[PDB]
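So the sequences go chain by chain: A, B, C, D, E, F, G, H and I.
Heads up: the first sequence begins at 10 in the authors' numbering, then just goes up one per residue.
Heads up: the second sequence begins at 50 in the authors' numbering, then just goes up one per residue.
Heads up: the third sequence begins at 1 in the authors' numbering, then just goes up one per residue.
Heads up: the fourth sequence begins at 50 in the authors' numbering, then just goes up one per residue.
Heads up: the fifth sequence begins at 1 in the authors' numbering, then just goes up one per residue.
Heads up: the sixth sequence begins at 148 in the authors' numbering, then just goes up one per residue.
Heads up: the seventh sequence begins at 4 in the authors' numbering, then just goes up one per residue.
Heads up: the eighth sequence begins at 2 in the authors' numbering, then just goes up one per residue.
Heads up: the ninth sequence begins at 12 in the authors' numbering, then just goes up one per residue.
A virtual CB, placed ideally from N, CA and C, is assigned to each residue, including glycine.
Have a look at the structure below before the remarks.
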Amino acid sequence: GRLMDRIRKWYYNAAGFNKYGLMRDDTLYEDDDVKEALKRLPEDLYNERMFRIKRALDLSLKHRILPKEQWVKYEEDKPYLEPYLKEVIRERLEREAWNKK
Amino acid sequence: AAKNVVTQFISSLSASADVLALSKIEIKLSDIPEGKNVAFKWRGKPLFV
Amino acid sequence: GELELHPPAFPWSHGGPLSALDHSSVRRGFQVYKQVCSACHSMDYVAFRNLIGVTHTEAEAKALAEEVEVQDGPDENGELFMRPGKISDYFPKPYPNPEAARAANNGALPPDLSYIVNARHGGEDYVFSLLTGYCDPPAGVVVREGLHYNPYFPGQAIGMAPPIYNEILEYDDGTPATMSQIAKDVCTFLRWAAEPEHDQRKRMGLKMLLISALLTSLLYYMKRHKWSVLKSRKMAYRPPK
Amino acid sequence: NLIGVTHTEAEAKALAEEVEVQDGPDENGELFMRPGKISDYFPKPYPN
Amino acid sequence: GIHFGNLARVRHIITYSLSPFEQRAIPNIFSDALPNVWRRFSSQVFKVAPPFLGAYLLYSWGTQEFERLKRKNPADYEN
Amino acid sequence: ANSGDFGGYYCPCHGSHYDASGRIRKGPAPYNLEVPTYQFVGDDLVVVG
Amino acid sequence: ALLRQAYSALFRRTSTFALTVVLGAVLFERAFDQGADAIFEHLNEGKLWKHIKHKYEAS
Amino acid sequence: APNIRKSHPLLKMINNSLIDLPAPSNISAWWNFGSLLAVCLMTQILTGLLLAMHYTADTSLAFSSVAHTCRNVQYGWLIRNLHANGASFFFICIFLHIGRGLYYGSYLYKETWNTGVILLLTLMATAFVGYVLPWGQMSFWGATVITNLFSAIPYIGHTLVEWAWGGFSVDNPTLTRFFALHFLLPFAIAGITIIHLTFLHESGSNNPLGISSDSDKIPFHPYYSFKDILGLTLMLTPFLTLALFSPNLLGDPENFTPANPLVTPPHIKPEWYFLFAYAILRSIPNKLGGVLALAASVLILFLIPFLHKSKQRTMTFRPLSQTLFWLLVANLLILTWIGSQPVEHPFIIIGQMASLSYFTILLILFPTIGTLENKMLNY
Amino acid sequence: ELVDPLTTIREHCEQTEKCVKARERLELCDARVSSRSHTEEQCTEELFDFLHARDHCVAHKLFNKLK
Ligand code: HEC
Ligand code: HEM
Ligand code: HEM
Ligand SMILES: C/C=C(C)/C=C/C=C/[C@H](OC)[C@@H](C)[C@@H](OC)[C@@H](C)CCc1oc2c(O)c(OC)cc(OC)c2c(=O)c1C
Ligand code: FES
């Protein structure tokens, strides 16, 4: 129930990738599926993700983080890739099942 | 050819011929009083009595 | 048994990272080794020349050297033969082989003292405590015939009899030959014997630290300098409107 | 080395024992003589 | 061999930097530096310290316990 | 010799306990200490090997 | 202005810079080595054969 | 043409890997060990050659030749120290290098990681035979034990031991082949290191955030050349401090006693960098198990890549993984401690726990917590 | 004729708090062991605790008196 729902919010703050200004999706490791997804992203979304990342890298080299006031809020995190990624994986699974057929 | 060259080279690693094979060793059971153990050099590694 | 007494920590004048050896005391220790210990202990890795410029003058060393007859040869007829010592010779082995040594010590084999302090945990602290720490066995402890009690020695029953006691010799420098005074000098000697570089090793360490400081600093400034370009770097996302 | 080339193992052992070899040290750190073993090398007629 | 030029597609990002000679190598050592050193320290000490602090104890216990078992139990000779 | 919990021997390398018969009683060792071929050819003088 | 003079005359030209480092080490070496030993020998007075020496020397 | 830095068949390489090499703008100090490791290798090889010039591979002369090196050869003592201590800083550095890799998921670069494992394994064997060269009590018995490990192999085994010794017991034939083997391996290491970096350059360095850094790369020079030099100087201080001030600190004093084929010292402990494994092997009270455990304790590194379940690459944003990680580090620190202690209670049981602990955090907890964390991210 | 500062200080040290109690603990052991015939105990432990405390003290100033 609303258990892991608050658990999640806890973890989200514990992980801390938002102190860098990243969304959950930004931190995704770029395997094949993700790279394919990133490709389908509308340009604005893609250009934005880039900047977020480039800024985070700059923050990391600097050994700093965003002011608490700019950290992304658990409920304002946009899973801009999540769906695309779903499809990509969905698409692949089909081909796979089909080729073993 | 290969099998033989490997064979030879592989065996160049094994023990050489100067690696003898020596005899016994006598020991006076009087040098070893009751309740005691004594080590003697022998065929390389120790030898207990 | 399964219990052992670890020695204490004496404040040797050379214990400190920048503290050299007291060469005077090392000179003394030598005498102790020469006139007392050498009778059963070999110091195979040291030669009379090693003393020169450390504890003795060249002449003194040459002298000490000649006091020993050395076996050389073969000669013209292929004969071995004796000859005086050269500063190039090493300290004389009291026995021609362990079997002989053991034979002359109840089967007990006196180890070579060249690297003794480093061959034993505790070093001079241990060697010192042992030399002076001789005493009678506690209740219930029987020391086998031939072995002497010493709580500091592992097993407490060592094969060496108390090598030193007051005035067992006379330091030609006028130092009061008390037993512990002796132990302190010979131990100090055994340290130098195990590592003559000791002093230079430390003098280098000093220079090393200084340079390492000066240099690590200058390089921290240099690394930072170049990196500033990136540390203060500011960026912004100005998409088209 | 003779064994299986020019002599039988026995013959070699024999030839070997015909020579006194210096070994040791012993229990007192003494050198001493002993018969030859097939493992010994041919005897040097001079010590140097 | 050469990688600089392919890497990735980026748009609309401006950056500003100054020559190393126009700025300070180590600036705001107090107003900024240390404050973050602490920030960082603070945020990780509760993740790191625990397992180590833990093992630390395990050391002391096991050590002391091993040593205790050295000492003799008078109850063995009160006979 | 004279160490361990079986009045035999103790190997200081990985804790193998041998008894007075040289048999493996405790530890990682797989077998009992090897026994050589010997013969008591004297009153107080034995020969091994 | 040393920094200006130094820069202007040593650090600017890649050559003069190099020569300055060579020259530098040279002076630095002497200075450092002497002082270092000084510091060491001081911290160890009367313990070095340097110190004991004279007692078995000549006259 | 234009510049001779990008065209020349050789410079094109130095420039291609140490000057124009693109590197993430955010790699931290945990990325300095790669080069320190490289520098160690060079330093070892160099002081090694220097020492090998005065060594004598012969049971009757080995020990004393080393002594002569230290006592008669100008600066021989220093060189031997740098060589002895370098070995340690080699392991110190390699261990941190391995850590960094696990924490930041560098192992996802399979070929780079795998070769890395080969490097560790080779470094291990190298350091082993090398230690056997002064031929002191530890040298001899260590030689005896380690080579004997292979006797654990069914049927063959022993036959492999014969080779290792060139006889039916450790002796001169072993010493001389070991000196050769020790002289050789360093170079096979340097060689493999080239393959390591080659596979690495295919992908380029990974970074703390575990996300693509293509949006921000920087020329290796002067950023990391400068950072690396600084790093070297930092590692150099302790290494030299130790070397010049406390030479035998990291070394056993039991090895100042010439090998005695008839007497194994009552207190015999493996070089510190081997303790953790030593500990794991003592835990299994069975010959073969202990060996397999030992083998596994290191070979397991090959599995790490197939145990990555996280949807994120590093542990920077995985607090649970982070704790499990530091737990593992302390787990080893514990195993090392245990290794230095006698096979007795409570030590024995603690060891067995830590051991059991170790394989579990790697084979079970990590992949599990990673899966768990993914769900917590709503993935 | 002479006096080894070692003895001089070993005495002074045995006056010490710990030594005294250790020394006492030892005497006690010695006593019952020296008496009780066909026993199994030893006084190594006590001797060590004593020695340990004593010499630790000794080694703290002994050198001041030595050259
Ligand atoms: C009469 C011969 C003799 C003399 C002289 C003598 N020792 Fe020994 N020493 C031995 C014997 C025998 C042993 C071996 C004891 C054993 O291992 O059971 C020994 C052992 C030692 C050991 C320690 C062995 C160990 O395992 O801890 C040291 C250290 C030592 N002696 C130092 C000295 C010093 C220093 C001197 C001179 C002050 C000296 N000895 C004089 C015979 C002697
Ligand atoms: C002689 C031994 C070794 C040397 C000299 C060496 C050197 C290097 C160098 C120079 C780097 C690049 C800089 C860095 O990231 O540190 C590197 C990277 C790497 N090494 Fe090694 N290495 C060695 C052994 C190993 C070992 C034992 C492992 C792990 C089993 C390993 C795994 C890796 C990986 C995964 C990377 C990727 C770094 C990243 O995350 O970007 N290396 N190594
Ligand atoms: C992988 C790099 C190397 C490592 C890890 C290494 C490690 C070691 C170790 C641990 C020892 C024993 C040190 C001691 O005395 O306590 C040793 C000894 C020695 N090594 Fe190496 N070594 C390396 C490279 C080399 C090379 C390439 C040579 C020369 C071709 C060399 C020559 C020697 C010599 C002569 C000794 C024996 C004498 C001595 O102990 O100083 N080593 N080495
Ligand atoms: C000819 C070349 C050969 C045969 C090479 C063999 C290489 C084998 C392995 O390297 C891959 C091996 C070094 C590595 O095992 C993974 C180590 C962690 C094993 C560590 C190790 O050290 C000991 C040691 O040092 C000792 O002396 C001080 C004594 C020892 O017990 C009594 C040991 C011991 O019990 C173990 C397990
Ligand atoms: S070699 Fe004896 S316990 Fe392992």
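Which of helix, strand or coil does DSSP assign to residue i?
i	result
residue 30 of chain I	helix
residue 236 of chain C	strand
residue 97 of chain B	strand
residue 70 of chain C	strand
residue 172 of chain F	strand
residue 76 of chain H	coil
residue 57 of chain G	helix
residue 163 of chain F	strand
residue 148 of chain C	strand
residue 183 of chain C	helix
residue 158 of chain F	strand
residue 212 of chain H	coil
residue 44 of chain I	helix
Can you tell me where the beta strand (DSSP E) holding residue i begins and where it ends?
i	result
residue 103 of chain A	Careful: residue 103 of chain A lies outside any beta strand (DSSP E), inside the alpha helix (DSSP H) at 91-109.
residue 81 of chain D	81-83
residue 24 of chain H	23-25
residue 75 of chain B	74-76
residue 178 of chain C	Looking at the DSSP string, residue 178 of chain C is not in any beta strand (DSSP E), and its letter there is neither H nor E.
residue 218 of chain H	218-220
For residue i, is the beta carbon positioned less than 8 angstroms from some heavy atom of ligand 5?
i	result
residue 163 of chain F	yes
residue 169 of chain F	no
residue 176 of chain F	yes
Ligand 3 and residue i: does any heavy atom of the ligand fall closer than 8 angstroms to the residue's C-beta?
i	result
residue 190 of chain H	yes
residue 88 of chain H	yes
Residue i: beta carbon under 8 angstroms from a heavy atom of ligand 4?
i	result
residue 148 of chain H	yes
residue 142 of chain H	yes
residue 288 of chain H	no
residue 270 of chain H	yes
residue 1 of chain H	For residue 1 of chain H there is no data in the structure shown, the boundaries of chain H being 2 and 380.
Quick one: give me the first and last residue of the alpha helix (DSSP H) that residue i is part of.
i	result
residue 23 of chain G	17-46
residue 279 of chain H	276-284
I'd like to confirm something about residue i: is its beta-carbon nearer than 8 angstroms to some heavy atom of ligand 2, or not?
i	result
residue 207 of chain H	yes
residue 55 of chain E	no
For a test of your reading of the model: does the CB of residue i fall under 8 angstroms from any non-hydrogen atom of ligand 1? Yes or no.
i	result
residue 91 of chain H	no
residue 111 of chain C	yes
residue 106 of chain C	yes
residue 159 of chain C	yes
Flag residue i as yes when its Cβ comes closer than 8 angstroms to any non-hydrogen atom of ligand 6, and as no otherwise.
i	result
residue 186 of chain C	This structure lacks ligand 6; its bound ligands are ligand 1, ligand 2, ligand 3, ligand 4 and ligand 5.
Specify whether the region 348-355 of chain H and the region 323-340 of chain H touch according to this definition: at least 3 beta carbon pairs, one from each stretch, less than 8 angstroms apart.
-> yes
Where are the alpha helix (DSSP H) runs, 4 residues long or more, that stay fully inside the region 138-175 of chain H, in chain order?
-> 138-149, 159-166
Inspect the CB distances between the region 25-43 of chain C and the region 168-188 of chain C and report whether three or more fall short of 8 angstroms.
-> yes
Counting pairs of beta carbons, one from the region 301-315 of chain H and one from the region 177-192 of chain F, are three or more of them closer than 8 angstroms?
-> no
Contact the region 203-215 of chain H vs the region 1-10 of chain E: 3+ CB pairs below 8 angstroms | yes
Taking three-plus beta-carbon pairs below 8 angstroms as touching, is the region 50-61 of chain I in contact with the region 21-40 of chain I?
-> The region 50-61 of chain I, when compared against the region 21-40 of chain I, does touch it at the 8 angstroms Cβ threshold.
Touch check for the region 31-42 of chain H and the region 80-95 of chain H: three-plus C-beta pairs under 8 angstroms?
-> yes
What runs of the beta strand (DSSP E), each 3 residues or longer, lie entirely inside the region 24-69 of chain E?
-> none
Residue ranges of each alpha helix (DSSP H) run of no fewer than 4 residues wholly in the region 43-81 of chain A, ordered along the chain?
-> With a minimum length of 4 residues, the continuous alpha helix (DSSP H) runs that stay inside the region 43-81 of chain A are 52-71.
Does the pairing of the region 143-161 of chain H with the region 314-329 of chain H give three or more beta-carbon distances under 8 angstroms?
-> The region 143-161 of chain H is not in contact with the region 314-329 of chain H.
Are at least three pairs of beta-carbons, each pair with one atom in the region 24-40 of chain E and one in the region 240-253 of chain H, less than 8 angstroms apart?
-> no
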